[PDB]
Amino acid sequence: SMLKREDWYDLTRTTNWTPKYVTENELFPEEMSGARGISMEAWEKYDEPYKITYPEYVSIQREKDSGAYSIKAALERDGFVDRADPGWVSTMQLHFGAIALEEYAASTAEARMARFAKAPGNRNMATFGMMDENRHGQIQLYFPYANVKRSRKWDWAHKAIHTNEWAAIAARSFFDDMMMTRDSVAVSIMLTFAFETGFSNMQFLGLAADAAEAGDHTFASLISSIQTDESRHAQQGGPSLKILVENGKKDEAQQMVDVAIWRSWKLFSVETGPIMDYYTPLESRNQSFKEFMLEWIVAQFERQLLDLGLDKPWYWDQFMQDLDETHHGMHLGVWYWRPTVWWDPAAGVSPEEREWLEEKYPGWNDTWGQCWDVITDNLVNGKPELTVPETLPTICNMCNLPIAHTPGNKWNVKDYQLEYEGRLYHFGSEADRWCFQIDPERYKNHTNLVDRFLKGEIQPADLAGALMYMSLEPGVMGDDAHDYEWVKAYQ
């Protein structure tokens, strides 16, 4: 006979002791634990709501890989990827490059909590968390590797985060901030709660649906499998927030959440936004990126925050408005500067696409449309060179993303500048600037790509220089995904 889990579970996480040959602070250094003056005993209240034990883990996850990997081997020799919509191929090439190594990096973050959390529950869950991201990183390398002979862009699944291409900088800027350079409690809040529970879970759901809809079942299976691992470790932040709120730190807890969500949203608005509203074919589109944000992301956050005794962040209304705008900026930025990324951006401004854009976002043609008008005439009128850039946009010093917003008839592009210790910083929103102001020691001597350019760190100090600096050469440098085929619609 076997015990029922409930009967012996607690003993798995009954592992705290009172050190004696070294001191608590030496065993649990504050910079790594973030115990915040709250006692060991009070951290022992930490109670993960989703429980699992080693034998369950290896059994359940053995089956998950069996599936995922059999699906891939079964579908490999049909090579779906050779005949997929190219906005789809692009979606995939972007995903792998932006995520694979960061997923792997996430295991270190988990390892952070696994050693340094004073909550024994957290330490164990994070060990499983640590295994989870070992998987994600691993599988999200194994999968793209099937395509390395089709194009060098697939090498970026590995290489991207080893480069200074601007998107990779933006990714690392997010991740190192959220999960690599903070204490254990912090990571539990900023990564597992704010980012994984708040964004990347629901994103992965949508991404799997879209993969399916596109006829890519290898990828649909991949993504959906990974997604089933999420809540197991994504849960870790909640209990931490409970302890913090119940013990005199509601504000500190608030501040981390405020920072973690804004930073998540910015990165989300360049990675998911453009894909939803521009790369996925018109007839494959269930809802707008704004619709998806409001349904599956925003309400949940409010629900979570309310149940935890926290408030909506100060910037929440701004964030609402920004759903009409930010990602359209991000997409225009990416498309216009398309030689600077490692996938082919899809324009997504055909007439039919444009009425859809106009429906989901009333005022779009009156604003975003204007820029695209000029892009379009230029392409009709055999002047394609005015659709590629001769300079570098202003980079936000927080999110490391272009500073961009409404154009056209409702022009509202702003820079939330800040002078600090005789250096001028640039910020793409009030919130990005605020993130620096609450903790400047943390960002102060970081330099964005533009700073580097300006300081003589990029040599030759021209565009071709910036291209080598960013490890990009023809063949990975991105161009229009449908090879301009949407232009024929205007002649």
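Numbering starts at 1 and follows the sequence shown.
Q: Check the entry's C-alpha temperature factors for 342-350 and 119-127, then say which stretch has the higher mean.
A: The entry gives the higher C-alpha B-factor average to 342-350.
Q: Looking at the deposited entry, does 270-278 or 104-112 carry the larger mean Cα B-factor?
A: Comparing 270-278 with 104-112, the higher average CA B-factor belongs to 270-278.
Q: Per the entry's Cα B factor values, which of 357, 139, 399, 257 stands out as the maximum?
A: The record points to 357.
Q: Between 394, 326, 412, 184, which carries the biggest CA temperature factor in the record?
A: Out of 394, 326, 412, 184, the record gives the largest C-alpha B-factor to 412.
Q: Split into thirds by Cα B-factor across the chain's modelled residues, where does residue 80 land: lowest, middle or highest?
A: Highest third.
Q: Within this chain's modelled residues, let me know which third the CA B factor of residue 422 belongs to: lowest, middle or highest.
A: It falls in the top third of the chain.
Q: For the chain shown, is the CA B-factor of residue 144 in the lowest, middle or highest third of its modelled residues?
A: Residue 144: CA B-factor falls in the lowest third of its chain.
Q: Please place residue 384 in the lowest, middle or highest third of its chain according to the CA B-factor in the PDB entry.
A: According to the entry, residue 384 has a C-alpha B-factor in the chain's highest third.
Q: Hey, what third does residue 231 fall into on Cα B-factor, ranked over its chain?
A: For residue 231, the deposited C-alpha B-factor lands in the middle third.
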